[PDB]
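Structure first, commentary second.
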Protein chains: 2
Amino acid sequence: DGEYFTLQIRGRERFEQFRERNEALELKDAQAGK
Amino acid sequence: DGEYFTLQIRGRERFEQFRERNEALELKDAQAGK
């Protein structure tokens with residue numbers, strides 16, 4: 001098993017920022033990070 | 001009723017970025033936006 005987190009938003013104008021960021025940040029950790 | 005969105009992440013280093021952003025972006029729309 002393991003643990004994680006989850007965020008919810010009711011605005012599409014803001015989501016576009018997180019979603020797109022999710023991909024960018026996803027690479028930040030998946031690659032190096034230390 | 002209505003509609004919204006939800007994002008999930010399994011990394012704390014990245015979440016800190018979205019979470020903190022969630023508050024910042026939340027104000028972007030909640031205030032003006034057009």
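Labels used: A, B, ... for chains in the order of the structure tokens, numbers from 1 for residues in each chain, and numbers from 1 for ligands as shown.
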
**Study point:** Shell around residue 26 of chain B at 12 Å using only C-alpha atoms, local window under 6 positions removed, as a VMD selection string
**Key:** (chain A and resid 8 to 15 17 to 18) or (chain B and resid 18 to 20 32 to 33)

Result of fitting chain B on chain A (Cα atoms paired in order), as a JSON list (two decimals) with C-alpha atoms, in the first residue's frame:
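Final output, part_36.json:
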[["chain", "number", "residue", "atom", "x", "y", "z"],
["B", 1, "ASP", "CA", 0.00, 0.00, 0.01],
["B", 2, "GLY", "CA", 1.16, 3.61, 0.51],
["B", 3, "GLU", "CA", -0.16, 7.17, 0.92],
["B", 4, "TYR", "CA", -0.88, 10.21, -1.29],
["B", 5, "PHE", "CA", -3.02, 13.37, -1.52],
["B", 6, "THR", "CA", -5.95, 14.78, -3.54],
["B", 7, "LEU", "CA", -7.16, 18.29, -4.43],
["B", 8, "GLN", "CA", -10.62, 19.35, -5.66],
["B", 9, "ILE", "CA", -11.73, 22.57, -7.41],
["B", 10, "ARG", "CA", -15.11, 23.84, -8.68],
["B", 11, "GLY", "CA", -13.64, 26.36, -11.15],
["B", 12, "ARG", "CA", -12.41, 25.53, -14.67],
["B", 13, "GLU", "CA", -10.34, 28.73, -14.97],
["B", 14, "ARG", "CA", -8.26, 27.63, -11.96],
["B", 15, "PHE", "CA", -8.15, 23.89, -12.74],
["B", 16, "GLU", "CA", -6.44, 24.60, -16.08],
["B", 17, "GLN", "CA", -3.62, 26.05, -13.95],
["B", 18, "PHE", "CA", -3.31, 23.02, -11.63],
["B", 19, "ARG", "CA", -3.93, 20.35, -14.30],
["B", 20, "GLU", "CA", -1.27, 21.79, -16.62],
["B", 21, "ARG", "CA", 0.95, 22.22, -13.54],
["B", 22, "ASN", "CA", 0.25, 18.62, -12.45],
["B", 23, "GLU", "CA", 2.14, 17.52, -15.58],
["B", 24, "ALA", "CA", 4.96, 20.03, -15.01],
["B", 25, "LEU", "CA", 5.34, 19.32, -11.28],
["B", 26, "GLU", "CA", 4.92, 15.58, -11.96],
["B", 27, "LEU", "CA", 8.19, 15.79, -13.92],
["B", 28, "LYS", "CA", 9.90, 17.89, -11.23],
["B", 29, "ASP", "CA", 9.75, 15.00, -8.72],
["B", 30, "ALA", "CA", 9.77, 12.05, -11.16],
["B", 31, "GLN", "CA", 13.12, 13.54, -12.25],
["B", 32, "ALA", "CA", 15.70, 14.32, -9.54],
["B", 33, "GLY", "CA", 14.28, 16.57, -6.80],
["B", 34, "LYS", "CA", 17.02, 16.34, -4.15]]

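All residues within chain A that the backbone DSSP calculation assigns to alpha helix (DSSP H) are residues 12, 13, 14, 15, 16, 17, 18, 19, 20, 21, 22, 23, 24, 25, 26, 27, 28, 29 and 30 of chain A.
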
*If you run DSSP over the backbone, which residues in chain A end up strand (DSSP E)? Put them as a VMD selection string.*
chain A and resid 5 to 9

Could you dump the residues just selected with C-alpha atoms as a PDB file, in the first residue's frame?
ATOM      1  CA  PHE A   5      -3.022  13.376  -1.518  1.00  0.00           C
ATOM      2  CA  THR A   6      -5.949  14.784  -3.535  1.00  0.00           C
ATOM      3  CA  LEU A   7      -7.158  18.299  -4.428  1.00  0.00           C
ATOM      4  CA  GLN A   8     -10.620  19.349  -5.663  1.00  0.00           C
ATOM      5  CA  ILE A   9     -11.738  22.560  -7.411  1.00  0.00           C
TER       6      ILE A   9
END
